[PDB]
Each structure stands twice: as structure tokens, then as C-alpha cells.
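# Remarks on the overall topology
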Amino acid sequence: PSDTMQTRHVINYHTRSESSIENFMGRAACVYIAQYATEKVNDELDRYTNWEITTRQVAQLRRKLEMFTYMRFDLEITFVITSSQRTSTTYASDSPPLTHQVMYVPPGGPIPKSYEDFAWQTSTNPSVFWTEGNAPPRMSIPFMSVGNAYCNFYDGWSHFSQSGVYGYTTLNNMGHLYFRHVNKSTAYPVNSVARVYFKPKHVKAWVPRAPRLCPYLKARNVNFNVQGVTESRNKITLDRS
Amino acid sequence: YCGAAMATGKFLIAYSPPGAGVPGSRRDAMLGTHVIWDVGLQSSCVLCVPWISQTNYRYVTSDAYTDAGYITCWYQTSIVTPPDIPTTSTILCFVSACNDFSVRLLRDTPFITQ
Amino acid sequence: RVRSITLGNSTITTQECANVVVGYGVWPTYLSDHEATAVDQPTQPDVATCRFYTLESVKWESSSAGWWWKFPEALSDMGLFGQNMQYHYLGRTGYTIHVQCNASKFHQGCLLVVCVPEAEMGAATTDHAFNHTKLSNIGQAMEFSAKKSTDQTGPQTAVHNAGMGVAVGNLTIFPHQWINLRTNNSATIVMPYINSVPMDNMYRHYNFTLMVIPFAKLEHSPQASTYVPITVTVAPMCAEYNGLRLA
Amino acid sequence: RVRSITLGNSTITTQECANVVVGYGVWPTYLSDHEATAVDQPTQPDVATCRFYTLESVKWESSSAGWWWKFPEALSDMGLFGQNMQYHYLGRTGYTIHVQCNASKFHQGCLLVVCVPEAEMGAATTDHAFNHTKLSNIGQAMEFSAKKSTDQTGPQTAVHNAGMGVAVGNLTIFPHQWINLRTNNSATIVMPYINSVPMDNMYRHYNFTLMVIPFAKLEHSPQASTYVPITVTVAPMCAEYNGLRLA
């Protein structure tokens, strides 16, 4: 019973609203998964975690972004934070509700380097406090570039003429995102996962570019292995009269 | 056509409707919709094709039988050249849409497999 | 009293009143000429393929259970209409169906002439898929049965369920006409193009099934004629297909 | 400089001047719509069968004597025009003939493209009757010869007598066009329906023969192309046949 593609005659109405930049880019996409714990297990998993806000780590979002040279949007961030206990011997406890702190650190703001750091109490660092069981928390970031648009591609250097790091620019600093528990402890350890969802609002685009053929090897380069321009067939002509 | 300026020939660019089907000869191609492209007159040949609408209900397709049309090109005569001009040449192809094209139901593309 | 109608060739004859029944109050017509931008352009038959196609007559005996024809598949080897079905991919059309019963004053019985849109039939052996030639041949009349079917590759031809799993007496919300030999002998049903899409593949999709079911059985003296022929005459009206050319 | 002409399908291209030659100053047209009393009524193709039919190209080498095609018999297996020739008994039509020579600037020669009405040919072996397949095949180009023919069942193909027993240089009172490769490469001849009767049988009577005779022979360097294709494209215009219906 599957599968066929068909012609299927259509009345003349000519929809184009799903091909606008707002309907193309403005979808809620999961961009990062943050893992942190109530108590520290190892260097990897610690009371707190971080993420520099980039748009080059999810490839399905990155390819839709990199179809244009210059973008400009507002960010709507929302967090799906769930918690679970570690594999302990006993789990019998009476815990108070866990409160989470998601801190947005702007470009120019101080980042925490440990738990109990002074950067969690900075008034210029906007934080969100949310108890488990409620509606998911949501922040809104405006256009945060020093220049007039974000640049998905930078044919240039960052050092003394011709020196530094190729392709890197500080005109794409959107900030950092820091996650921790506000509670001091629990009876037994509790691991938390914070799914970060981006929704670009009021998107404007400039200078459209060719879609990427090769896969991605790094999240900060445009490096690639060479690839065929398309798939292969057996003949340039057709048979079966 | 990206050959020499003194190359002269005729091509027969046949169009097959979405029903059926691939023709088997230059005479079968001439008896349907076709355009005779004369190389000695024009360097380019532009033709607009209707009835392109394919809807797929699967994400990746293996291989999802389609009933689209075809475009075939046939040697109407040959490519005739003067001396000291090579006998081989090259046709370039171009494709785009027109200002009526209507897409719907945006998904993620299957060309990324991270 | 009589009237002669010609559509190219040949002429058929009919009465002056004849009780014509339009399908759902909708006369068959074209797509209102909003065919711009040349992306989905349609094509007429010439005009036209609009002529009377007469099928082979059936013999309504005293134990006849009924017959059915699936359209447009019952006009597949029928002239230019049967060639446009293989030269084009998408098509739409409406129909005028005449069903005449050539009985005498000494024959009695009643017929129900139904036009059922999308008459999806069930299988005789359920869990099994049936052959397409047991649903509709090229122009043949597929007939019902009085007993249930145990065919391992066919449909369920018990006439009191009408092949669709319903009550046969409820087949009157469809466009229908009664032929009571005491009163009438003819039936004109004009069916438009009913589908969920404006055009479809004609070899693949049966738009509607014409059904002729006797509700009062044929009964007569043994000295009369015993077979009472029924003639179905179909004229396809306002046919339209997809464009086969460029730009 | 160039112009694209479409007749249904497909499009051919031509120049802006091209030196079109109408046959005898008479454009092909219909029978002026005096078709009353319904005793000899005519019938159009649809309209129309008016599309470009391109034949198989010939190869004009340095020793080519010439070619001929007999009409309407050279369009016998050609689409709807070739089906109306067997579905109808009497028919009349006019033609537009394009003859293009795809040569270079390094090729020289001259061609005479003639349209000879009622080109009655003689036999090679006189006192013998020839086969009809040695006069005209279904779409093939029948070619002349430089020597005389001794074929016991064919025509006389000596080109300096043109098959008709005349001088080949006098074939210019017929509708003709010179193709001098120094100057031209194309030829448009528009032939009307010339006969003694308004309609005739199309399988039986050749109305006119198109002849392509080289008067200056093809001459070139040995490093150039040696075959120089000639394409004949024929569009039948204002075709008309007898009525196939009643009253």
C-alpha cells in the first residue's frame, strides 16, 4: 500500500506563506541539552553547567541558517527541565521542591568558574528561578550584536592583518547560559536535564548563499571532505520505450 | 550550446506528459510535444514545463514510484563543422522555477545525517 | 409523444417527459475557465466525445438478482472516450445514463436503477484480496447473486447487502429511479463529476457504480417472452483532461 | 533575427525574412462555407491536424543526385494526419514546406527545391509497369541517380531528365526556391491544394512531388564534414475531409 508520489490536479490558489523567512526560520528547535546534578559526581557532571550560545551545533538548524550571509533575529529561549534520581541503594526521602536557576550572561558579563561563585548574584546577569512541576520557564533575548547583523560567514581573520584565527569574529557573541540548582542539597543525589529550545523571531535575511553539499566536520569551521555534486546513475539516456 | 561559432546542427527536445512515457525513437519523439533547437540560429533554448507537483508522505524514500514526465534530446541531423574545429562539444543545462510556484508542509531535509 | 436526440451519431429516441433525475441538483459542467498561469492547464476531448454509447443488453429473467457497472471503466474500449483514457493521465467527466426495459403489458416487476458514488465493495472471502476482473470487466455487466458468495478471489455478491455491507432498501439517498413495468419502462439519471479532487486517474478510480436491482421479481405467463432485455445507453458529457503540451 | 513558430507542438525556429514563396500567389484556404443541402458536406480534422511534421534528414554528399517525396503519401504514418487518411475517403489540404540545409561557411553548392504538381513519372524499363514502392515509401526519401536506370520494376531516375522526360533546368515555372550555401540555407514553399476536383482520395493520388536537386555539387575540404544534413519540415494547413455522418 506504499508508496507513490502523484501529480494530483490542484485548483489555482498559489500559497507562498510557508516559504517566508519567518515561517522558514521561526521554528522551535532544540539547540542544547544541559546536564547537571544536585551533588557532584565528576568533573563532567557537576553542580552546574554552561553553554555559550551558538547556532552552529545543530546541523538541521545550521544549514537553514547558512543559506543567507547576514541574519538578524530575536531569540525566544524556553527550557524543559526534568529531574531523576541516581541509581542509589535506597530512594526513600521527603524532598522539598527543587528550584533551578538559569542565568543568562551577556557579552561583557562575568561568568561563574565554580559553584558558590559571586557571578550567580550579579544584578546585570538576568536569572530565572523555576520550581519543578510548573509551566516551563521562558526567556527572551533581543538582537545582541554590536554590528548591524549576525554573519554566518566571515571571510577574514581576527588578529594582526593576516594573523589570528580564520573565520572567527566577535560580532556573533550572543552570551552564555548557566544552569544550577538553587537548593543546597538533597538526601540522595538527583540528576537534571535541561533541554534548550530556540525560536528565532522577527527574522531578516540578506545575500542568499548556496546550500551546503558536504557534511559538517567542525562546529567552528567550514571545513569539508570533497563529495560528488549529486548521486550517480548508469546512463545519461533513457530506455523502455 | 557551448561549441564553436561555426558549428551547425538541429536537436529535437521532446517532452513527455506525466502519464506516459519515454519515447523510443526520434520519430516517436517528433510525434509528441517537441521543440526543434537549431544550433546555427540560437545558442540557447528555453522551454517552460507545466504539471510539476509531487507529494511524498515519507521522510526518506526507497524508492517511492513516481509519475513525473521526461525530457529527452535527440540528434535531428548531426553537428556539422568546418575544418580545424573539433568534433566534440558540450551542452549546458539550467533549471529554475517560475513566479507561480507553491510549496507547503515544511519538513526537515533528508540531506543531513548527523 | 416521442423525441429524437442526436449527439453526433447516432440518434436515440425517448418520450416527451421521461422523468429525468439530475444527480444532486447539479448539472455537469466545466471548471469555470479559471485556468490561468499555465501550470495545471486542462484540455477538452475535441470537443467532443459526447455521443451515445450503448452497451450490450442484459436478460432480466425471473431469477435475476441484479447487475452493476463501474464507471468510467465500463467505457474503456468505447471509441474516442476509450482512447482519451489512455492518452491522458488525469480526467473528469459527467454522464447521462438511459436505462430502458423492453417489456410488454403482460410482464410485471419493478427495478431500482441506482448511481452509487464510490461504491467500495467488500470481499467474499474476508481476509483475502480480490481480482480486479471480478469487480469490472471492459464493458461487461457484472451481476449480483441471490445466495452469498464463497469465491476466494471475488466480491460479496449477495444482493440484499448490495456488496457494500448495507441494507439494499436504503439505496435511495443516491440518485435513483424506479422502473415499475405497470407504470414506466425508462430511467434517465444525469450524474455530475463527484470526487474529492477536481481530476483523477480514470483507469485507477471508479467514480460511481450504476446498479440495476429488481425489487419485485419478473413474473409472467409461460407463453410470453422469458428474458425481457434491458438496454443501458451512456453519453459522457463535459469531459475534460490534462494538458499535454508545453509552457 | 530569429523567430519561433509553434503549431500545437513543437516549436521550430526560423529567420525573420526567410524568403517565403507562396505557390501561385494563392494562400491555402477552405471551401468558402457554401456547404448547403447536406448532400456533400465536409469535415475539418478537429481543428486541427496543423502541426509541424519533421521527416528523417538526408545526407547531401558530393555525389548526391537529388531526392523526391510524393505528397500526401509522405505523411502516411504521421500522427492524426496519417489516421485521417484512412478514416476518410476524400480529402483536401495545403502545405507549408521548410527545407533547411545545415552547412558551414566552408561548404559550397546550390540546391533547387521544387514543388511539381502531378509529377507523373516514366518507367525505367519502358513497356513495363513499376511498383508503387519504387515511387514513394511511407516517409522515406526516394533519391535520383546520375546514371540512367535499367530497373525492370522502377522509375527512370536519371536526374538530368528529372523522371518526367523534360529538361531539369526548366523546373522553375513550378513553385521553387534556390538554396545557395554562399547566400542562403533555407527555403519556405507554401503550396495550396491544386487539383481538377475539390477533393480526392489521398491514398490513390499524389497531388504534388517535392524535389530537392543539387545544381552545383557539394564541394569542401576533406577535413570538413562530408555529409551536410538536409531537414524537411512539413505542416499541413487547412485540411478538410468528407462528412461521415447522416442527414
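Refer to the structure presented above.
In short, a report on the structure. For every chain, the first residue of the written sequence is numbered 1 and the count continues from 1 onward along that sequence, whatever numbering the entry uses; residues with no coordinates are hidden. A letter from A marks each chain and a number from 1 marks each ligand, given out in the order of writing. Chains on display form part of a larger assembly; values are given for the displayed part and nothing beyond it. The basis for the side-chain values is all heavy atoms of the structure; hydrogens and waters are excluded. Residues with missing side-chain atoms are left out of burial classes, side-chain pairs and their counts.

Residues and elements named next belong to chain B. By the element assignment, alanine 14 lies in strand β1 (residues 8–16). Categorising residues by exposure relies on relative accessible area from a 1.4 Å probe, with only protein chains included: less than 20% of the type maximum marks a residue as buried, more than 50% marks it as exposed, and the intermediate range marks it as partly exposed. Owing to a relative accessible area of 3%, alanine 14 belongs among the buried residues under this scheme. With near-sequence residues (within four places) excluded, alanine 14 lies in contact with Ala29, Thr33, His34, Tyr70, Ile71, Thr72 and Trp74. Helical segments are the DSSP runs of H or I of at least four residues, strand segments are the runs of E of at least two, and each set is numbered from the N terminus. In this description, contact between two residues means that some pair of their heavy atoms is separated by no more than 4.5 Å.

On the side of chain B, 13 residues touch chain C, which itself brings 13 residues to the contact. Summed over both partners, the accessible surface that disappears when two parts come together, traced with a 1.4 Å probe, is what is meant by buried area. A buried area of about 1,200 Å², summed over both sides, lies between chain C and chain B, and 63% of it is on carbon and sulfur atoms. Contacts described as polar in this section are N or O atom pairs within 3.5 Å, which, within protein, must combine one atom able to donate a hydrogen with one able to accept it, while residues neighboring in sequence count only if both atoms come from side chains. Here chain C and chain B share four residue pairs in polar contact between them. For this classification, the nonpolar set comprises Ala, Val, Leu, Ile, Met, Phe, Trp, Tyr, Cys and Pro, the charged set comprises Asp, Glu, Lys and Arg, and every other residue, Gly included, is treated as polar. Class assignment of the residues belonging to the side of chain C that touches chain B gives a composition of seven nonpolar, four polar and two charged.

Looking now at the sheet that holds strand β11 (residues 176–180) of chain C. All names here are of chain C. Sheet architecture is open: five strands sit in the order β10-β7-β13-β9-β11, paired in antiparallel fashion. Here the strands that pair on one side only, and so sit at the sheet edges, are β10 (142–143) and β11. Any two strands with at least two DSSP bridges between them are considered paired. Note: strand β7 (residues 67–71) against strand β13 (residues 208–219), five bridges, orientation antiparallel. The residue of β13 that forms the bridge with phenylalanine 71 is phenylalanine 208.

Okay, the packing of aromatic side chains next. For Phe, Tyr and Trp, rings pair up if their centres lie within 6.5 Å, where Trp contributes its six-membered ring, and each pair is then called stacked (planes under 30 degrees apart), edge-to-face (over 60) or tilted (otherwise). Scanning the entire structure with this criterion turns up 25 aromatic pairs over all chains. Here the aromatic rings of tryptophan 178 of chain C and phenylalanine 215 of chain C are separated by 5.1 Å at their centres, their planes lie at 80°, and the arrangement is edge-to-face. Separated by 37 residues along the polypeptide, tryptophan 178 of chain C in strand β11 and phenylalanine 215 of chain C in strand β13 bring together distant segments of the chain. Put simply, the rings of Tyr1, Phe11, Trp37 and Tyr75 of chain B touch in pairs and so form one group of aromatic residues. We call a charge positioned over a ring when the NZ of a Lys or the CZ of an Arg lies within 6 Å of the ring centre and within 35 degrees of the ring normal. A cation sits over an aromatic face here: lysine 64 of chain A above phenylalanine 24 of chain A, 4.8 Å from the ring centre.

All right, on to the nonpolar core then. Membership of the largest hydrophobic core comes to 41 residues, with the highest contact counts inside it found for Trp60, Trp69, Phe71, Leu75 and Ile97 of chain D. Among the elements that take part in this core, strand β14 (residues 229–242) of chain D stands out by supplying five residues, more than any other. Residue contacts for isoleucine 97 of chain D: discarding those within four places in its chain leaves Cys115, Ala187, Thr188, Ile189, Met191, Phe208, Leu210, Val232, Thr233 and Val234 of chain D. In this structure, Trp67, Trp69, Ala141 and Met202 of chain C belong to the second largest nonpolar core, which totals 36 residues. For the purposes of this section, nonpolar cores are sets of buried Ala, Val, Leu, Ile, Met, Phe, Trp, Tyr and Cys residues that join through side-chain atoms within 4.5 Å.

Residues and elements named next belong to chain A. The side-chain alternation of strand β6 (residues 127–131) yields one buried face, formed by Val128 and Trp130, and one unburied face, formed by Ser127, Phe129 and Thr131. Bridge analysis of strand β5 (residues 99–105) against β6 gives five bridges, and the strand direction is antiparallel. From the neighbouring strand, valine 102 faces β6, where its bridge partner is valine 128.

Before going further, it helps to examine the side chain of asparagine 207 of chain C. Residue and element names in this part refer to chain C. Tracing the backbone shows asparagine 207 in the loop between β12 (186–191) and β13. Only 3.3 Å separates the side chain of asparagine 207 from the side chain of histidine 205, close enough to count as a polar contact. Leaving out residues up to four positions away in the same chain, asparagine 207 has contacts with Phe71, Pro72, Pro117, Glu118, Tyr193 and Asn195.

The residue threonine 93 of chain C is located in strand β8 (residues 91–101) in this model. Once residues within four sequence positions are removed from consideration, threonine 93 of chain C is found in contact with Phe81, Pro192, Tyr193, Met202, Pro236, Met237, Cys238 and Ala239 of chain C.

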